[PDB]
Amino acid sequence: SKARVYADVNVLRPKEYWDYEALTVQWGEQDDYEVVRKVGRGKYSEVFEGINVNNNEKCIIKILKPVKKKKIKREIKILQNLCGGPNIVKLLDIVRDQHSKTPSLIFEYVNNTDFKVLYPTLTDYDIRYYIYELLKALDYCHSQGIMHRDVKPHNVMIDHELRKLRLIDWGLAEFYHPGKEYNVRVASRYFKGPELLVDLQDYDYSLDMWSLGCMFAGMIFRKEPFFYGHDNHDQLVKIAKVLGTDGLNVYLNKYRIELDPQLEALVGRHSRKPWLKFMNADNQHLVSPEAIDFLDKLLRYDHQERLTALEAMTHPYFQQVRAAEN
C-alpha cells in the first residue's frame, strides 16, 4: 500500500528535510518568555499562555514532559518545515531550563474557544468554513510529506472572532516514506482509522482523512465522539456497527489481514447503518445531502478510497466557502 498523492515528496527533497535525527537545535533565551496562565495539558506536554517580554506580545509556551530526544527533534523538524503554511501553528522559538534541560516550544498565541463549548454554537455555514480551513492545513502538510496522525478537535485551535484556525500539536506527526511500516499507536482512540485498529502499518496521509471524517460526523450529528469505543478492540466494533462488516471483510481481504480471533469474535456481523439514521431534532439543521455525501466519502474502511484533502476541499459541500474566498 502506498499514498495516491504526494508519495514522492520526501524522495525528491534533500535528506536535510526529513532526516530529523540529524537536526541540531538552536536554543533561544528561556527568559524571553514568561508563563501567564496554564491553558492545557496532555500526556506529553503542559501548555501555557505566555508573554514575550521583549515585545509584550502573547505567546504559547508548550513545556515538554520527559521523552526520548528523537521525538523532540521530530516535532521541531516538522514544525520548522511547515512554519508559514496555511493554518499551521507557527513555531516561534525553542528554549530550555538551564538546570534540568527541560525543553519548551514557543508558538504564536491563538485566542481559542474549547470545542465542547464552541461547536454547539456553530451554524451550518461555520462548520463548512472551519472544516475548509482545517482541510487547507492538511493538504498543506500532506503536500510537504507530513502526516499529522492526531487530528481531533482538541488539536484544532479556533479564534472564532477572527475566524482563525490553527492545526496544533505536531508531537505525533511523521514524515511519509513509500513502503514504510509505521507505529499504529497514534491518534486518539475515537479518531483512529481502521488501518490502526487492524494493524495495517503501511498507512499514509489518508489516516488524517479518517480522523477528519470522525470529527466532522461528531459536528454534524452532534454526537461527540462519534465512534465511542472504550478500548481499541471496542473502537473497531463501534465502527463496524455503523459501516457494516461486509465492507470490513472486503477491506481485510484486499490487504491480506486477518483479525485476532478475540477481535473477530467481538466485531461479529453487522448490517450497514445508513447515515440518515443518525439525524434527530437536535442535529437536523446541520445534516444535508451534501454533508452526508462528503462524510460518506471520508469514512471508508479502505484508506485508498477516502478523499484526499485536496479533493475534499473541492466537494460541493464547500461551494459557498470557496465563493466567499473567490
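So that there is no doubt, residue numbering starts at 1 and follows the sequence shown. Between two forms, the rigid core is defined as the largest C-alpha subset superposing within 1.5 Å.
Undergrad: Between 117-125 and 94-102, where do the CA atoms move more in 4 other deposited structures of this protein, taking the root mean square over the structures and residues after a core fit?
TA: Looking at 94-102 and 117-125 in 4 other deposited structures of this protein, the bigger mover is 94-102.
Undergrad: Which has higher Cα B-factors on average according to the PDB entry: 133-141 or 224-232?
TA: Comparing 224-232 with 133-141, the higher average CA B-factor belongs to 224-232.
Undergrad: Would you determine, from the values in the PDB entry, which of 286-294 and 63-71 has the greater average C-alpha temperature factor?
TA: Mean CA B-factor is higher for 63-71.
Undergrad: Of the three thirds of its chain by CA temperature factor, lowest, middle or highest, which one includes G247?
TA: It belongs to the highest third of the chain when residues are ordered by C-alpha B-factor.
Undergrad: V11's Cα B-factor: lowest, middle or highest third of the chain?
TA: According to the entry, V11 has a C-alpha B-factor in the chain's highest third.
Undergrad: Please place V39 in the lowest, middle or highest third of its chain by C-alpha B factor as given in the entry.
TA: For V39, the deposited C-alpha B-factor lands in the middle third.
Undergrad: Would you please rank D124 by its C-alpha temperature factor against the other modelled residues of its chain and give the third it falls in: lowest, middle or highest?
TA: Ranked within chain, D124 CA B lands in the middle tercile.
Undergrad: Report the third (lowest, middle or highest) to which the CA temperature factor of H160 belongs, ranking only the modelled residues of the same chain.
TA: CA B-factor rank for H160: middle third.
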